[PDB]
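First up is the structure itself, then whatever we jot down about it.
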Amino acid sequence: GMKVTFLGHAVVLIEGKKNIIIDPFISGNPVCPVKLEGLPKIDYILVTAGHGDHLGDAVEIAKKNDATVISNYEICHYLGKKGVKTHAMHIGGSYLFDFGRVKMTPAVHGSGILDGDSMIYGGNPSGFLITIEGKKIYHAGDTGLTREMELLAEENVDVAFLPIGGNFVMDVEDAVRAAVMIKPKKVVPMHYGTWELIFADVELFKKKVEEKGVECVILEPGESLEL
Amino acid sequence: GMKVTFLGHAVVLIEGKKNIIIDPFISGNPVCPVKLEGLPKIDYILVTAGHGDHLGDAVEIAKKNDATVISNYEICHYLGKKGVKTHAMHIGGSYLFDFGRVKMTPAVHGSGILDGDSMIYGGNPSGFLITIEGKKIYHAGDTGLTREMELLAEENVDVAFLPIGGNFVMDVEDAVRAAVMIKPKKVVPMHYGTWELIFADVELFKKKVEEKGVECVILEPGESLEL
Amino acid sequence: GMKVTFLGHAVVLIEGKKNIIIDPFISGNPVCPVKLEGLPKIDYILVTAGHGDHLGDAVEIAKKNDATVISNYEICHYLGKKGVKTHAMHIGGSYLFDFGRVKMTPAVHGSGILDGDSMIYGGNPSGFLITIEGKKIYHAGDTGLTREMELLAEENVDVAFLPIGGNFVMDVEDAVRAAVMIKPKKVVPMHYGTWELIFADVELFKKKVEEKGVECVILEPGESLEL
Ligand SMILES: [Mn+2]
Ligand SMILES: [Mn+2]
Ligand SMILES: [Mn+2]
């Protein structure tokens, strides 16, 4: 078993034989229920893009837990110079860790790392296809709709986290299209409600996406499911 | 209705209930029929990439008109520090403005901003899918042929602006392919003849693209069409 | 005819009426059999991405041979300030040189240029579709599996160089998917064995890709074939 907790915005916590957190935007995440000290012992940290609402508190969390950060080469290079343990990958590349397999997926976005007020190159934005004990979790990251998502149809993803808030990411209508592409067994909506710019009709999403035979599990920040 | 004017290179001016200019490359544009002072009152500025031939005179125009620039997060960040009103979005993300809906489409290109002789990160390049009064304008920006363009097929675009210059963008041959993928009501070729590096056979493009059943409207810099 | 030599990692040398090298990662390439002096006269240099293992010795090699580097705008701008002859292009752009035609194909990766310890923006990473005397060579570049590779299917590529190392690039399983997408005449695995992280069952690749009906040519660093 494993307990997958959604902590608001794009934050996803996987508790299993190892503890993995994706896009640990915790401090300054208005809709996140916990502080940094509310997190359990963290073994791995997955970062999809350099943006603050994704990179977030990775630097601190990594150091306090002696955790290792998995992201693209440009983001890891940055983190490395902050004295942070990393495992560099890049888009479409997989690797088998002690806990399972992690694959960086394509995504449409900017991966700019904001340092002070200078925009540093942080490679290209990604998602994550995580295979743990046969189960498969897809974290899309911040992304628009892309045809590269159709590649995941044969993976038979169990739980997929998709953005729905629009403006910066897929809106509700597009996120449904994305779910038909991926055809996961279950979908969880993310990137919404954090600000007013990305308010979304999460009820409508669940309705439309279940017409397409995909179960929608609307997790409020703090709620979770298991695999 | 509305008046869509092509001002050379990738510059497209939409005159409706509000005024919008896409990729305002005015000063320095050898084929642009107008000076900066020629432009009517600008309400919004759409910037597809951080490049000079797209960003262009955005900062000046923005300030003179108290206009808001719509672009990706990284470009809007750089613009903000130059004291410019911005509405940030990113690839595949749409939003509803007072004049209509704007959506950043994917594009295969670079988005470097040239501030000094330093090359700054400007996120990832895009196009724009603009929905005004039930009409849809697709502005591809600078881009090669991409499969993401097929996502636009079902939009039933009214006018599509595609590059044909080659070298930095699609050549005539690939731009025909893009036109068939999108199947718009009409296609207008852009990014050609600005330099001798991109002196392309615009007449041949028209012939070839119309053999595929896609009406072409060749617009000389300064000419326009209505919706 | 022409002699196409693989020199480890992503280094491919094309000897014909002109001499073109792709991603000249020679110094510090443990699987590259030659020193810089082992190279013939270079007329052209093809750089897919800004990464060290691709940009390689392009600056030094260019200066010695008075060669021109073919890469994207952001990369060519950098090399320009190093006093290096460049012909800038970008993704999807083709151009006809004296030796033949070069097109920058899409690729899913990063393209950061590492100056000292600064990660400079080097645009977006690419592949290359080179056509010399009716022959077609696809150098994928460093990349994951993307649907953009299906745009190459109708080219009837004679020889395609695809990465199989995993982690940073496609693994063996995904590279076979990419090969069926492209459907070329021959396929040559690259980006493997250079480090411990990217050891890959090269033999298994050949077996599996030829099961799908695409002849595989395992070239070891220094081996070559003809067209
Ligand atoms: Mn953002
Ligand atoms: Mn350009
Ligand atoms: Mn690399």
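Residue numbers (the deposited numbering), protein chains in the order written: chain A, 0 to 226; chain B, 0 to 226; chain C, 0 to 226.
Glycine included, C-beta positions come from ideal geometry on N, C-alpha and C.
Can you give me the C-alpha to C-alpha distance between residue i and residue j, rounded to a whole angstrom?
{"i": "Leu196(B)", "j": "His76(C)", "result": "17 Å"}
{"i": "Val168(A)", "j": "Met88(B)", "result": "8 Å"}
{"i": "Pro162(C)", "j": "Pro124(B)", "result": "26 Å"}
{"i": "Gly91(C)", "j": "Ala159(C)", "result": "17 Å"}
{"i": "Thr85(B)", "j": "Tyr43(B)", "result": "9 Å"}
{"i": "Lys102(A)", "j": "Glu172(C)", "result": "13 Å"}
{"i": "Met148(B)", "j": "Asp170(B)", "result": "16 Å"}
{"i": "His190(A)", "j": "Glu222(C)", "result": "51 Å"}
{"i": "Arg100(A)", "j": "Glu36(A)", "result": "27 Å"}
{"i": "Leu224(C)", "j": "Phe96(A)", "result": "38 Å"}
{"i": "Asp56(C)", "j": "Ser93(C)", "result": "24 Å"}
{"i": "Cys215(A)", "j": "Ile21(C)", "result": "47 Å"}
{"i": "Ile13(C)", "j": "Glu209(B)", "result": "39 Å"}
{"i": "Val11(B)", "j": "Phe5(B)", "result": "5 Å"}
{"i": "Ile119(B)", "j": "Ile112(C)", "result": "12 Å"}
{"i": "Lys135(C)", "j": "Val213(C)", "result": "16 Å"}
{"i": "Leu54(C)", "j": "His108(A)", "result": "24 Å"}
{"i": "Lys211(A)", "j": "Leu128(B)", "result": "26 Å"}
Relative to the C-alpha of residue i, which residue among the options is closest?
{"i": "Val186(A)", "options": "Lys40(A), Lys206(A), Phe167(A)", "result": "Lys206(A)"}
{"i": "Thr193(B)", "options": "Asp114(B), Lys80(B), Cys31(B)", "result": "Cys31(B)"}
{"i": "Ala48(A)", "options": "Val68(A), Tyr94(A), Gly99(A)", "result": "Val68(A)"}
{"i": "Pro220(B)", "options": "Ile19(B), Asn28(B), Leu54(B)", "result": "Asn28(B)"}
{"i": "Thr130(B)", "options": "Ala178(B), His108(B), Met118(B), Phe98(B)", "result": "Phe98(B)"}
{"i": "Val46(B)", "options": "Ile19(B), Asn64(B), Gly115(B)", "result": "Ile19(B)"}
{"i": "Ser117(C)", "options": "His50(C), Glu59(C), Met148(C), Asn64(C)", "result": "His50(C)"}
{"i": "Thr104(C)", "options": "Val3(C), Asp141(C), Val179(C)", "result": "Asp141(C)"}
{"i": "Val3(C)", "options": "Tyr137(C), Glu73(C), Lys81(C), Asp52(C)", "result": "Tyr137(C)"}
{"i": "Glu154(A)", "options": "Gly164(A), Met180(A), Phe24(A)", "result": "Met180(A)"}
{"i": "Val58(C)", "options": "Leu78(C), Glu73(C), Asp52(C)", "result": "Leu78(C)"}
{"i": "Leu203(C)", "options": "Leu218(C), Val175(C), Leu226(C)", "result": "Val175(C)"}
{"i": "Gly15(B)", "options": "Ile25(B), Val213(B), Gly0(B), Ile21(B)", "result": "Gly0(B)"}
{"i": "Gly133(B)", "options": "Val83(B), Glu214(B), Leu226(B)", "result": "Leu226(B)"}
{"i": "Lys34(C)", "options": "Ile112(C), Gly7(C), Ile217(C)", "result": "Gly7(C)"}
{"i": "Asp114(A)", "options": "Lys80(A), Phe5(A), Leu128(A), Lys62(A)", "result": "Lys80(A)"}
{"i": "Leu218(A)", "options": "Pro188(A), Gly164(A), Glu210(A), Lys211(A)", "result": "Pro188(A)"}
{"i": "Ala199(B)", "options": "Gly164(B), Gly82(B), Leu38(B), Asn64(B)", "result": "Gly164(B)"}
{"i": "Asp52(B)", "options": "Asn64(B), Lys62(B), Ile25(B), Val213(B)", "result": "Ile25(B)"}
Going by beta-carbon coordinates alone, are residue i and residue j separated by less than 9 Å?
{"i": "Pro183(A)", "j": "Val201(A)", "result": "no"}
{"i": "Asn71(A)", "j": "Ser110(A)", "result": "yes"}
{"i": "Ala66(C)", "j": "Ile41(C)", "result": "yes"}
{"i": "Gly121(A)", "j": "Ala106(A)", "result": "no"}
{"i": "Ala177(C)", "j": "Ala152(C)", "result": "no"}
{"i": "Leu144(C)", "j": "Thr145(B)", "result": "no"}
{"i": "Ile74(A)", "j": "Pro23(A)", "result": "no"}
{"i": "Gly82(C)", "j": "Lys63(C)", "result": "no"}
Would the C-beta of residue i count as close to ligand 3, meaning under 8 Å from any of its heavy atoms?
{"i": "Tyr72(A)", "result": "yes"}
{"i": "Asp141(C)", "result": "yes"}
So what does DSSP say about residue i, is it helix, strand or coil?
{"i": "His76(B)", "result": "helix"}
{"i": "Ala106(C)", "result": "coil"}
{"i": "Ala9(B)", "result": "coil"}
{"i": "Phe127(A)", "result": "strand"}
{"i": "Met180(B)", "result": "helix"}
{"i": "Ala199(A)", "result": "coil"}
{"i": "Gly165(B)", "result": "coil"}
{"i": "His86(C)", "result": "strand"}
{"i": "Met189(C)", "result": "strand"}
{"i": "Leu113(A)", "result": "strand"}
{"i": "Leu35(A)", "result": "helix"}
{"i": "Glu219(B)", "result": "coil"}
{"i": "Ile25(A)", "result": "coil"}
{"i": "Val156(A)", "result": "coil"}
Is residue i near ligand 2, judged by its Cβ being under 8 Å from some heavy atom?
{"i": "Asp52(B)", "result": "yes"}
{"i": "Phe167(B)", "result": "yes"}
Using only the heavy atoms of ligand 1, determine whether one of them is closer than 8 Å to the beta carbon of residue i.
{"i": "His89(B)", "result": "yes"}
{"i": "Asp22(B)", "result": "no"}
Less than 8 Å between the CB of residue i and some heavy atom of ligand 4, yes or no?
{"i": "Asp157(B)", "result": "Although ligand 4 was asked about, the structure shown includes only ligand 1, ligand 2 and ligand 3 as ligands."}
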